[PDB]
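J.: Please find one structure pasted underneath; my questions will follow.
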Amino acid sequence: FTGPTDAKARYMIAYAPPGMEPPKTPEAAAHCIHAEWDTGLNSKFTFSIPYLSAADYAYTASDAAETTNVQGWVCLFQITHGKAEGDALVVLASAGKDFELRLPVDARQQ
Amino acid sequence: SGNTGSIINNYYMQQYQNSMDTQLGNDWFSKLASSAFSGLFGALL
Amino acid sequence: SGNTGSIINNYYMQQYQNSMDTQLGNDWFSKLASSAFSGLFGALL
Amino acid sequence: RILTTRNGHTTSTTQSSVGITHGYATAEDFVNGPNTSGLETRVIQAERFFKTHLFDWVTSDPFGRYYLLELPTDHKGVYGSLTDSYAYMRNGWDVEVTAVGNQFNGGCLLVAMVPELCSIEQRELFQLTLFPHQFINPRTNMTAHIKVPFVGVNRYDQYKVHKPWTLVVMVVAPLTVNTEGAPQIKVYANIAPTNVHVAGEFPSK
Amino acid sequence: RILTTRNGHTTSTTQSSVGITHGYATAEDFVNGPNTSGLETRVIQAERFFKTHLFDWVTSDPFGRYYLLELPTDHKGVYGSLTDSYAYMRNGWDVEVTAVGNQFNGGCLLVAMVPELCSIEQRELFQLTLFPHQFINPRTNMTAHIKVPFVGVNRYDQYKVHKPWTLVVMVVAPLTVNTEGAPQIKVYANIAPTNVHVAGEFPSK
Amino acid sequence: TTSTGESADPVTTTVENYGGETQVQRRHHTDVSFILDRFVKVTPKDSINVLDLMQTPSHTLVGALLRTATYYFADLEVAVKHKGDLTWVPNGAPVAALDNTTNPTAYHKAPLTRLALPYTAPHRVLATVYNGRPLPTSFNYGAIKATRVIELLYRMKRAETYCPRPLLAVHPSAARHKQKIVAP
Amino acid sequence: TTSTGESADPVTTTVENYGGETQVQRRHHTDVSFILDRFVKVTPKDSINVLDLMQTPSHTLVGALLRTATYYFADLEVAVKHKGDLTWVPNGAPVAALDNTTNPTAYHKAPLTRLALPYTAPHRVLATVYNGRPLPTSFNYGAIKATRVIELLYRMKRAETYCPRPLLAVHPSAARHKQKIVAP
């Protein structure tokens, strides 16, 4: 969170698995694996979305035949805010503690 | 050790197979991954 | 062990020859054949 | 002879059972895999019995009527709510198929819990005694009670897409109401999910 | 200062909490009584958080606006299904009421979890600091987090008739958007049932 | 040897009931990982075709002792008469991948080209039947392409199967299914 | 897991924050000296061409996991379809040298000619980028010549790299980059 010193906010991030359409309101998304944080002295908060899948490994592609998004969604909601007009919440993304990547195929990027 | 998968020592000597290294007098980014702080930063309830 | 009939270890390593198995933590139908009751069920004369 | 089985807070008694037919295993495999990241829980409230109607045995039916149902079927109780409130889940089965006739009705009946299938040809019927099975013979017994574990391609299954097991009945020998037997039999079932696990939570409406 | 609370697979973080206010007990009483005959089970899947909207704090409101809600309220998730699928059940509560304003909004706010009540007179408001309570003061803190056990006349309660607890807020001192503060505050809640037990099963439709 | 028949309990009475004496019965030729290792031949397609163990015919020796097991796991081997520069993608690669040379590519060398490729699939064990006939996309071993594939063969290694399934012999019209047998 | 973000200190919180339990994660297929050893193919020139590890395309698997490391050291291998009497000079030889037979010269032998030549260069370690785009002359492995070079391939041995550099995926117009996947 990169707001001023006099701006406060509260956010939620939830993980919705496949089968149901993703949530659209925070009150309807509190039954997921969500977790909420509050802005203050420490700026950054890191939440690591889990790995849930029937098959042991999952693809790193999306064929056109599968429009269902077999893995799921990850929703990010803002509960409330105080004098937080037009601020910014930069995000990042990193590998996990147990990420595994396999079956190498160099296929048509360069 | 790369795509080297024979259990027999190569027929040719080591110095003829590839350039012999010389000394004077992953290493660092793997030290970075272990330094990663992961515990809780506040008082859990 | 299938149609494998050489007395020399294959030139390539084990992990390059075939997929290495992983563990977690005929088996059953052969236990069934041994459970088969075969004795007489009545009083022989 | 007498045998009383209990699942959860529900029981059942039969006075003519010829045993339980354990199929494909005695115990289940490891249920904490590497795919679920340990976010799995074992509900115990959903291991009770429930009932359904299969069909009515009658003298007109010749050899080869199967009338199979695939399960997990729709469920009013708790277990019916889990597939609506969770993504992946796994469970064994513990069936009990009852056909109360009379001491004097000749005929036979074969019931087997077979893995994934949609339809069976008439030739494959002669070889149905490979899956966990049991004969219902009205001269001696009236209950089957097969008991199978969960099995599937991948560890946790999405029951909205894949139905692994399928209870199959079959008339091996036609009914014969010779002199004093009951005119027809009505076959019922008494299935009960056992050892249910569940992981992955849904957002409600 | 920093404090992270977790119930089930859901968490929550606050960076200004002034502690937890345990009310009326630290642990619960004996939960296997003589009335239930031991036919009681402890579901663990239903101890997660859920959220609701209380009201919006505004400068017009004078001292004495309470806007209380009685809970267990209606619930989309699992815990909402239990009261529909079981007769008697008991559970504590673990609330968290949040009102995010600014460092520069003066005012005060009192929140207390009071036992069974329907309405409170204006005179009794002055003595609300007898029940488990906590002040929300926008100069310092923004979260309350009271924690109470189950309490009732009889051991197991029928939540279709008796609602024992009732979360009550109250504006002790009016909001003042002096110079740089937020124009209004919107109060939310983050309740989570804890230690839920349940006994007695219903027949479905 | 009367016993309760409606019990699914195996009962194998022997020849020693009336004086007999069972000779020794050794079964090596009927194992499940010895009978499947035999290069069954599949009907090859044009330039590009996928390595799926189910396009083999249902009346061969490997194709018919395979559709007798619900689940199976087995490494693979092929030997193709490619007229070109055959390549092979792993399981799940975008089908435009088998045009690049970084993927394992064998060059032409008369007459065959025998490869031994591993088993790559998300599922812990494949399946012949599937209760969704079309199986999912995930059930395969990979896809090879060449200018013109001429022949193709399958030879499962380390095969191991579960949950048997019915096998069917040919139904004869006569009382007995007579036919020719080699004779000098 | 709130922590000061403006510190560049890695912070990798795990799944055990809300009951999870991390499975074991083994990474063999993603090593840096195992993924580069795969015969990437370069666009071959006419009679004479130089062995520079940067003329390989920037969208392959070897060409794109190489322009992600500022510095690199690696022995080399080639396999060319020369139509002639291919020769090879070391690094720094006058370009008129690759006409003499004393230099290592392979004779024609169908179909390929696979060589394993060492790393010869003054600098202790080469570099992909250089802040002098043209790199200096010193950055190469040597130059081969034949009557008509037809094919050429690169396979780095003992590769080891330093100082990583950005990698870029293809930008899709839609919300998700869908495409074909092999399916039976």
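Following the order of the structure tokens, first chain is A, next is B, and so on, with residues numbered from 1 inside each chain and ligands from 1 in the order they appear.
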DSSP on the backbone, alpha helix (DSSP H) only: what residues of segment 6-140 of chain E does that give? Format it as an MDAnalysis selection string.
T.: chainID E and resid 79:85
J.: I need the residues from that last selection saved to file as a PDB file, in the first residue's frame (with N, CA and C atoms), if you can.
T.:
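And here is the file that came out, result-v1.pdb:
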```
ATOM      1  N   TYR E  79     -22.479 -23.040   8.464  1.00  0.00           N
ATOM      2  CA  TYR E  79     -23.164 -22.852   9.742  1.00  0.00           C
ATOM      3  C   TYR E  79     -24.628 -22.484   9.546  1.00  0.00           C
ATOM      4  N   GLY E  80     -24.966 -21.897   8.401  1.00  0.00           N
ATOM      5  CA  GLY E  80     -26.361 -21.607   8.123  1.00  0.00           C
ATOM      6  C   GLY E  80     -27.158 -22.852   7.798  1.00  0.00           C
ATOM      7  N   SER E  81     -26.469 -23.931   7.427  1.00  0.00           N
ATOM      8  CA  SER E  81     -27.169 -25.158   7.068  1.00  0.00           C
ATOM      9  C   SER E  81     -27.403 -26.039   8.286  1.00  0.00           C
ATOM     10  N   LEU E  82     -26.611 -25.852   9.341  1.00  0.00           N
ATOM     11  CA  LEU E  82     -26.731 -26.720  10.507  1.00  0.00           C
ATOM     12  C   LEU E  82     -28.071 -26.535  11.202  1.00  0.00           C
ATOM     13  N   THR E  83     -28.466 -25.285  11.453  1.00  0.00           N
ATOM     14  CA  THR E  83     -29.753 -25.034  12.097  1.00  0.00           C
ATOM     15  C   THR E  83     -30.904 -25.541  11.240  1.00  0.00           C
ATOM     16  N   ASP E  84     -30.636 -25.832   9.968  1.00  0.00           N
ATOM     17  CA  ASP E  84     -31.674 -26.361   9.093  1.00  0.00           C
ATOM     18  C   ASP E  84     -31.650 -27.884   9.084  1.00  0.00           C
ATOM     19  N   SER E  85     -30.537 -28.479   9.502  1.00  0.00           N
ATOM     20  CA  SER E  85     -30.364 -29.922   9.446  1.00  0.00           C
ATOM     21  C   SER E  85     -30.173 -30.564  10.810  1.00  0.00           C
TER      22      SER E  85
END
```
J.: Name the residues in contact with segment 10-17 of chain C at a cut-off of 12 Å, using only C-alpha atoms, excluding same-chain residues fewer than 2 positions from it; report them as a list in words.
T.: residues 2, 3, 4, 5, 6, 7, 8, 9 and 10 of chain B; 4, 5, 6, 7, 8, 19, 20 and 21 of chain C; 75, 76, 77, 115, 116, 117, 118, 119, 157 and 158 of chain F; 28 of chain G
J.: For the residues selected in the previous step, produce a file with N, CA and C atoms as a PDB file, in the first residue's frame.
T.:
```
ATOM      1  N   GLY B   2      23.698 -31.992 -16.379  1.00  0.00           N
ATOM      2  CA  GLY B   2      23.332 -31.914 -17.779  1.00  0.00           C
ATOM      3  C   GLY B   2      22.952 -33.267 -18.347  1.00  0.00           C
ATOM      4  N   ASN B   3      22.643 -33.260 -19.641  1.00  0.00           N
ATOM      5  CA  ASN B   3      22.228 -34.480 -20.319  1.00  0.00           C
ATOM      6  C   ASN B   3      23.413 -35.409 -20.532  1.00  0.00           C
ATOM      7  N   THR B   4      23.977 -35.928 -19.443  1.00  0.00           N
ATOM      8  CA  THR B   4      25.045 -36.920 -19.503  1.00  0.00           C
ATOM      9  C   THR B   4      24.571 -38.134 -18.723  1.00  0.00           C
ATOM     10  N   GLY B   5      24.341 -39.240 -19.423  1.00  0.00           N
ATOM     11  CA  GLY B   5      23.658 -40.365 -18.823  1.00  0.00           C
ATOM     12  C   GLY B   5      24.257 -41.724 -19.100  1.00  0.00           C
ATOM     13  N   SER B   6      25.577 -41.799 -19.230  1.00  0.00           N
ATOM     14  CA  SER B   6      26.270 -43.066 -19.392  1.00  0.00           C
ATOM     15  C   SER B   6      26.952 -43.448 -18.087  1.00  0.00           C
ATOM     16  N   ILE B   7      27.010 -44.752 -17.819  1.00  0.00           N
ATOM     17  CA  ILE B   7      27.670 -45.262 -16.624  1.00  0.00           C
ATOM     18  C   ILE B   7      29.093 -45.723 -16.913  1.00  0.00           C
ATOM     19  N   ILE B   8      29.609 -45.441 -18.104  1.00  0.00           N
ATOM     20  CA  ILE B   8      30.972 -45.790 -18.478  1.00  0.00           C
ATOM     21  C   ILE B   8      31.757 -44.500 -18.648  1.00  0.00           C
ATOM     22  N   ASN B   9      32.983 -44.481 -18.130  1.00  0.00           N
ATOM     23  CA  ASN B   9      33.840 -43.315 -18.295  1.00  0.00           C
ATOM     24  C   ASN B   9      34.156 -43.116 -19.771  1.00  0.00           C
ATOM     25  N   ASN B  10      34.090 -41.864 -20.222  1.00  0.00           N
ATOM     26  CA  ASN B  10      34.308 -41.573 -21.632  1.00  0.00           C
ATOM     27  C   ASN B  10      35.682 -42.062 -22.073  1.00  0.00           C
TER      28      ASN B  10
ATOM     29  N   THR C   4      13.037 -58.743 -21.135  1.00  0.00           N
ATOM     30  CA  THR C   4      14.361 -58.174 -20.908  1.00  0.00           C
ATOM     31  C   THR C   4      15.299 -59.330 -20.605  1.00  0.00           C
ATOM     32  N   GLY C   5      16.239 -59.587 -21.509  1.00  0.00           N
ATOM     33  CA  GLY C   5      17.015 -60.806 -21.440  1.00  0.00           C
ATOM     34  C   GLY C   5      18.502 -60.653 -21.663  1.00  0.00           C
ATOM     35  N   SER C   6      19.074 -59.530 -21.243  1.00  0.00           N
ATOM     36  CA  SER C   6      20.510 -59.320 -21.308  1.00  0.00           C
ATOM     37  C   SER C   6      21.114 -59.470 -19.920  1.00  0.00           C
ATOM     38  N   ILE C   7      22.341 -59.989 -19.870  1.00  0.00           N
ATOM     39  CA  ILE C   7      23.055 -60.152 -18.611  1.00  0.00           C
ATOM     40  C   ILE C   7      24.024 -59.005 -18.353  1.00  0.00           C
ATOM     41  N   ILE C   8      23.968 -57.950 -19.158  1.00  0.00           N
ATOM     42  CA  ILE C   8      24.811 -56.777 -18.985  1.00  0.00           C
ATOM     43  C   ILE C   8      23.918 -55.610 -18.598  1.00  0.00           C
ATOM     44  N   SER C  19      11.066 -43.510 -16.285  1.00  0.00           N
ATOM     45  CA  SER C  19      10.622 -42.598 -15.244  1.00  0.00           C
ATOM     46  C   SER C  19      10.839 -43.205 -13.866  1.00  0.00           C
ATOM     47  N   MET C  20      11.559 -42.476 -13.017  1.00  0.00           N
ATOM     48  CA  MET C  20      11.792 -42.919 -11.651  1.00  0.00           C
ATOM     49  C   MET C  20      10.498 -42.829 -10.853  1.00  0.00           C
ATOM     50  N   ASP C  21      10.203 -43.870 -10.081  1.00  0.00           N
ATOM     51  CA  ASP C  21       8.961 -43.911  -9.326  1.00  0.00           C
ATOM     52  C   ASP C  21       9.072 -43.069  -8.059  1.00  0.00           C
TER      53      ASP C  21
ATOM     54  N   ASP F  75       5.426 -47.452 -18.987  1.00  0.00           N
ATOM     55  CA  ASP F  75       6.300 -46.717 -19.883  1.00  0.00           C
ATOM     56  C   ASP F  75       6.066 -47.192 -21.312  1.00  0.00           C
ATOM     57  N   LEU F  76       6.656 -46.484 -22.267  1.00  0.00           N
ATOM     58  CA  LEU F  76       6.320 -46.701 -23.663  1.00  0.00           C
ATOM     59  C   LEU F  76       7.577 -46.889 -24.495  1.00  0.00           C
ATOM     60  N   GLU F  77       7.373 -47.431 -25.693  1.00  0.00           N
ATOM     61  CA  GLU F  77       8.390 -47.540 -26.725  1.00  0.00           C
ATOM     62  C   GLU F  77       7.685 -47.459 -28.068  1.00  0.00           C
ATOM     63  N   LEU F 115      12.512 -45.515 -30.344  1.00  0.00           N
ATOM     64  CA  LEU F 115      12.618 -44.591 -29.226  1.00  0.00           C
ATOM     65  C   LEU F 115      12.060 -45.226 -27.962  1.00  0.00           C
ATOM     66  N   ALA F 116      12.550 -44.761 -26.817  1.00  0.00           N
ATOM     67  CA  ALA F 116      12.086 -45.219 -25.510  1.00  0.00           C
ATOM     68  C   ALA F 116      11.813 -43.981 -24.669  1.00  0.00           C
ATOM     69  N   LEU F 117      10.565 -43.546 -24.661  1.00  0.00           N
ATOM     70  CA  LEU F 117      10.114 -42.318 -24.041  1.00  0.00           C
ATOM     71  C   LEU F 117       9.334 -42.603 -22.760  1.00  0.00           C
ATOM     72  N   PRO F 118       9.423 -41.733 -21.764  1.00  0.00           N
ATOM     73  CA  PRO F 118       8.851 -42.029 -20.449  1.00  0.00           C
ATOM     74  C   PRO F 118       7.347 -41.802 -20.428  1.00  0.00           C
ATOM     75  N   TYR F 119       6.771 -41.996 -19.246  1.00  0.00           N
ATOM     76  CA  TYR F 119       5.344 -41.818 -19.013  1.00  0.00           C
ATOM     77  C   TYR F 119       5.140 -40.467 -18.345  1.00  0.00           C
ATOM     78  N   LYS F 157       6.346 -50.858 -21.397  1.00  0.00           N
ATOM     79  CA  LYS F 157       7.359 -51.341 -20.472  1.00  0.00           C
ATOM     80  C   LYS F 157       6.874 -51.174 -19.038  1.00  0.00           C
ATOM     81  N   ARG F 158       7.244 -52.127 -18.179  1.00  0.00           N
ATOM     82  CA  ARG F 158       6.915 -52.089 -16.754  1.00  0.00           C
ATOM     83  C   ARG F 158       5.411 -52.050 -16.511  1.00  0.00           C
TER      84      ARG F 158
ATOM     85  N   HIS G  28      14.313 -30.749 -10.612  1.00  0.00           N
ATOM     86  CA  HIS G  28      15.420 -31.193 -11.448  1.00  0.00           C
ATOM     87  C   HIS G  28      15.350 -30.620 -12.851  1.00  0.00           C
TER      88      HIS G  28
END
```
J.: Select residues of chain B: the criterion is any atom within 8 Å of an atom of chain G, counting only C-alpha atoms; output as an MDAnalysis selection string.
T.: chainID B and resid 1:3 17:19 32:33 35:42
J.: Any chance you could export the current selection's N, CA, C and O atoms as a compact mmCIF listing (two decimals), in the first residue's frame?
T.:
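Generated file (result.txt):
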```
# COMPACT_ATOMS: atom_id res chain seq x y z
N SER B 1 23.93 -32.41 -13.72
CA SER B 1 25.16 -32.47 -14.51
C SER B 1 24.86 -32.52 -16.00
O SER B 1 25.65 -33.02 -16.78
N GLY B 2 23.70 -31.99 -16.38
CA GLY B 2 23.33 -31.91 -17.78
C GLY B 2 22.95 -33.27 -18.35
O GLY B 2 22.95 -34.29 -17.67
N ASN B 3 22.64 -33.26 -19.64
CA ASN B 3 22.23 -34.48 -20.32
C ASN B 3 23.41 -35.41 -20.53
O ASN B 3 23.82 -35.66 -21.67
N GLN B 17 38.76 -33.91 -23.47
CA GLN B 17 37.31 -33.84 -23.62
C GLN B 17 36.82 -32.40 -23.59
O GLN B 17 35.94 -32.02 -24.37
N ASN B 18 37.37 -31.59 -22.70
CA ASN B 18 36.91 -30.22 -22.53
C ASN B 18 37.99 -29.40 -21.84
O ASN B 18 38.94 -29.94 -21.28
N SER B 19 37.83 -28.08 -21.89
CA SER B 19 38.85 -27.19 -21.37
C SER B 19 39.00 -27.37 -19.86
O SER B 19 38.04 -27.26 -19.11
N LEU B 32 20.11 -16.63 -1.17
CA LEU B 32 19.04 -15.65 -1.00
C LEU B 32 17.72 -16.34 -0.66
O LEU B 32 16.96 -15.85 0.19
N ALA B 33 17.43 -17.47 -1.31
CA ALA B 33 16.15 -18.14 -1.09
C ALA B 33 16.05 -18.69 0.32
O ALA B 33 14.95 -18.78 0.89
N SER B 35 17.48 -17.32 2.95
CA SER B 35 17.37 -16.19 3.87
C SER B 35 15.94 -15.69 3.99
O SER B 35 15.66 -14.81 4.81
N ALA B 36 15.02 -16.23 3.19
CA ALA B 36 13.67 -15.69 3.11
C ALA B 36 12.94 -15.81 4.44
O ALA B 36 12.77 -16.91 4.98
N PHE B 37 12.51 -14.67 4.96
CA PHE B 37 11.72 -14.66 6.18
C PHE B 37 10.32 -15.19 5.90
O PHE B 37 9.67 -14.78 4.94
N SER B 38 9.87 -16.13 6.73
CA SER B 38 8.59 -16.77 6.52
C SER B 38 7.70 -16.82 7.75
O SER B 38 6.49 -17.03 7.61
N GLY B 39 8.25 -16.62 8.94
CA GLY B 39 7.43 -16.69 10.14
C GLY B 39 6.45 -15.54 10.24
O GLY B 39 6.49 -14.57 9.48
N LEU B 40 5.54 -15.67 11.19
CA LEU B 40 4.60 -14.60 11.47
C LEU B 40 5.32 -13.41 12.08
O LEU B 40 6.25 -13.57 12.88
N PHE B 41 4.90 -12.20 11.70
CA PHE B 41 5.53 -10.98 12.18
C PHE B 41 4.81 -10.35 13.36
O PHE B 41 5.36 -9.45 14.00
N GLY B 42 3.60 -10.82 13.69
CA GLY B 42 2.86 -10.29 14.81
C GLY B 42 2.52 -11.37 15.81
O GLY B 42 2.91 -12.53 15.64
```
J.: Can you tell me, as a list in words, what residues are no more than 10 Å from residue 93 of chain A when counting only C-alpha atoms, ignoring any on the same chain fewer than 2 positions away?
T.: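 Answer for this query is residues 46, 47, 48, 91, 95 and 96 of chain A.
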J.: Just to be explicit: take each residue in the selection above, keep C-alpha atoms, and write the result as a PDB file, in the first residue's frame.
T.:
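Okay, result-v4.pdb is ready:
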```pdb
ATOM      1  CA  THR A  46       1.949 -11.398   1.396  1.00  0.00           C
ATOM      2  CA  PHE A  47      -0.735 -14.069   0.972  1.00  0.00           C
ATOM      3  CA  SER A  48       0.156 -17.365  -0.705  1.00  0.00           C
ATOM      4  CA  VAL A  91       0.937  -5.791  -6.306  1.00  0.00           C
ATOM      5  CA  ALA A  95       7.272 -18.287  -6.604  1.00  0.00           C
ATOM      6  CA  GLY A  96       6.260 -20.294  -3.578  1.00  0.00           C
TER       7      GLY A  96
END
```
J.: Could the residues of chain C within 10 Å of chain D, counting only C-alpha atoms, be given as a PyMOL selection string, please?
T.: chain C and resi 24-25+28-29+32
J.: Go ahead and write the residues just picked, C-alpha atoms, as an mmCIF file, in the first residue's frame.
T.:
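Output contents, as saved in part.cif:
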```cif
data_model
loop_
_atom_site.group_PDB
_atom_site.id
_atom_site.type_symbol
_atom_site.label_atom_id
_atom_site.label_comp_id
_atom_site.auth_asym_id
_atom_site.auth_seq_id
_atom_site.Cartn_x
_atom_site.Cartn_y
_atom_site.Cartn_z
ATOM 1 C CA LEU C 24 3.986 -41.773 -0.480
ATOM 2 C CA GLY C 25 3.798 -42.208 3.279
ATOM 3 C CA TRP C 28 -4.611 -58.460 -4.267
ATOM 4 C CA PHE C 29 -5.998 -61.021 -6.718
ATOM 5 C CA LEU C 32 -7.717 -64.104 -3.357
#
```
J.: Using only C-alpha atoms and a distance of at most 8 Å, pull out the residues of chain A that contact chain D, as a PDB file with C-alpha atoms, in the first residue's frame.
T.:
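This is the output file selection-v2.pdb:
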```
ATOM      1  CA  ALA A  16     -12.597 -19.599  -5.354  1.00  0.00           C
ATOM      2  CA  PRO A  17     -12.159 -23.116  -6.762  1.00  0.00           C
ATOM      3  CA  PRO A  18     -13.689 -24.411 -10.006  1.00  0.00           C
ATOM      4  CA  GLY A  19     -17.317 -25.425 -10.295  1.00  0.00           C
ATOM      5  CA  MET A  20     -19.090 -22.264  -9.107  1.00  0.00           C
ATOM      6  CA  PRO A  22     -16.614 -16.499  -8.917  1.00  0.00           C
ATOM      7  CA  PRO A  23     -18.014 -14.388  -6.080  1.00  0.00           C
ATOM      8  CA  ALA A  28     -20.682 -13.879  -0.512  1.00  0.00           C
ATOM      9  CA  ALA A  29     -16.937 -14.628  -0.656  1.00  0.00           C
ATOM     10  CA  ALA A  30     -16.242 -15.097   3.065  1.00  0.00           C
ATOM     11  CA  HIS A  31     -16.726 -18.873   2.723  1.00  0.00           C
ATOM     12  CA  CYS A  32     -13.514 -19.275   0.706  1.00  0.00           C
ATOM     13  CA  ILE A  33      -9.917 -19.467   1.971  1.00  0.00           C
ATOM     14  CA  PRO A  50      -2.808 -22.708  -2.088  1.00  0.00           C
ATOM     15  CA  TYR A  51      -2.650 -25.517  -4.619  1.00  0.00           C
ATOM     16  CA  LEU A  52      -5.864 -27.537  -4.858  1.00  0.00           C
ATOM     17  CA  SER A  53      -6.412 -29.900  -7.763  1.00  0.00           C
ATOM     18  CA  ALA A  54      -7.781 -33.357  -8.424  1.00  0.00           C
ATOM     19  CA  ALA A  55      -4.962 -34.277 -10.806  1.00  0.00           C
ATOM     20  CA  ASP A  56      -1.524 -34.239  -9.229  1.00  0.00           C
ATOM     21  CA  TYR A  57      -0.056 -31.703 -11.677  1.00  0.00           C
TER      22      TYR A  57
END
```
J.: Would you mind telling me which residue in A:75, A:70, A:49, A:12 lies nearest to chain G when using only C-alpha atoms?
T.: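 Answer, going by the shortest atom-to-atom distance: A:49.
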J.: Enter the distance from atom CA of residue 110 of chain A to atom CA of residue 141 of chain F, in Å, rounded to one decimal.
T.: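 Taking atom CA of residue 110 of chain A and atom CA of residue 141 of chain F, their separation equals 25.9 Å.
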